[PDB]
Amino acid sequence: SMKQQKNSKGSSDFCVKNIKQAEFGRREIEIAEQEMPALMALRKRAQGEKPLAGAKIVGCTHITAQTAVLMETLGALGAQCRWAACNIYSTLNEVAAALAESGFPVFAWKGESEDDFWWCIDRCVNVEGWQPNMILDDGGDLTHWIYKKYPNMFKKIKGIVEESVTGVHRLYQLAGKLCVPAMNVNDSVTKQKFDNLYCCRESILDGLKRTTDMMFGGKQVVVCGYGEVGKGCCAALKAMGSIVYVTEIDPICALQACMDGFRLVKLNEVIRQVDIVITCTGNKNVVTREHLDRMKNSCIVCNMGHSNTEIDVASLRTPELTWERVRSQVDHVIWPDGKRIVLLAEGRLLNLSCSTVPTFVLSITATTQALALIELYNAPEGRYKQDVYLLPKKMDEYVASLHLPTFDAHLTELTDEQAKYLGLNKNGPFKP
């Protein structure tokens, strides 16, 4: 029983697979620290003034070496933390073990069941003689749990920092029922650059290579949707020598596709000739059963947008069709006449299963979360209110500024005359 474990200090206030993995886990955390200089720089700069002294943070995020560097940064700034996984598969057990040995109440392991998942959140949140005043959440599951099961604890929370798209939607559904301030770091300016364009551009190629070993040259590709995600996928494939067609419902984005040098088509016009279909819409039923029926043999289908509904994968579970798992995250769906399509990640986000977020990008996110937590926790009366807010612009600039040394970038400082000219402070914020 994994529940019967103690760390070297005699505590058992945690639940991890194997506490003896701690030393291996601490080595992986040390590695992440060396790859995240900007988070280490924020830590060192900010720790002396202990701006999270009295912070009692409950977190639900991915339990990786990089998340540990964030957690221990929060600790260095004076916080007390409890933590659970936001996903049943993503936990690095050795990291969970290292955190438990160092004294973090963490309730997390790889391969949790649904019941384990909620059990861990409750153990994270409901503990004798300690109540949270801050939430850090990736998905809103932990937030909702406190909401439904501990309404009076929920009312006392000073701040919710939320990282996910769906988590942010749920906070917006809260109908006058949101009674504490929330900070939407999903739409922070520096984050968005990375999360949308830069990451998807790389991860479309990485995931396609991982799943198919394909060559990109001369592939006919259709990308549905031309927002930032679509733009990024289009640019990546075009740079690798693919021929890319674009679909859109918004004429303004459509015109941009045209100006960017792509043919703008209805899916039907190209469905029968394409080698690759990629959904980037945030919409449902973009690729229908009939589209799938019209696809040529060996056409590859994937989703880079949301959920698993952009492609109607459910429509492929009819008795007539045969599925074969040929590789991790890769199914051949086969028709009676032998025609085959290649479906990736069962139509879930390709990058989540088949690529890895660079540590640098995890640093951008972690840094943003840390500053949002500091901001909500230390905020004066009246500033924030029963509503969803954005990170102050100066803090967003600070995230960028902390990461600039990675590139040996040299920022120019405005002179006094230029600052007056533009109506700005020398220290920012530079844009409204």
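Position 1 is the first residue in the sequence shown; the rest follow in order.
Going from residue 174 to residue 175, the model skips 1 to 3 deposited residues, which lack coordinates. For the pair 365-373 and 46-54, the record assigns the higher mean C-alpha temperature factor to 46-54. Comparing 179-187 with 203-211, the higher mean C-alpha B-factor in the PDB entry belongs to 179-187. Among 221, 146, 229, 271, the highest C-alpha B-factor in the deposited entry belongs to 146. Between the residues 359, 73, 242, 113, it is 113 that shows the highest Cα B-factor in the PDB record. Sorting the modelled residues of the chain by their CA temperature factor places residue 85 in the middle third. Per the PDB record, residue ranking by Cα B-factor puts residue 162 in the middle third of the chain.
In this PDB entry, residue 193 carries a Cα temperature factor that places it within the middle third of its chain's modelled residues.
Sort the modelled residues of the chain by CA B factor and residue 275 lands in the lowest third. Sort the chain's modelled residues by C-alpha temperature factor and residue 412 lands in the lowest third, per the entry.
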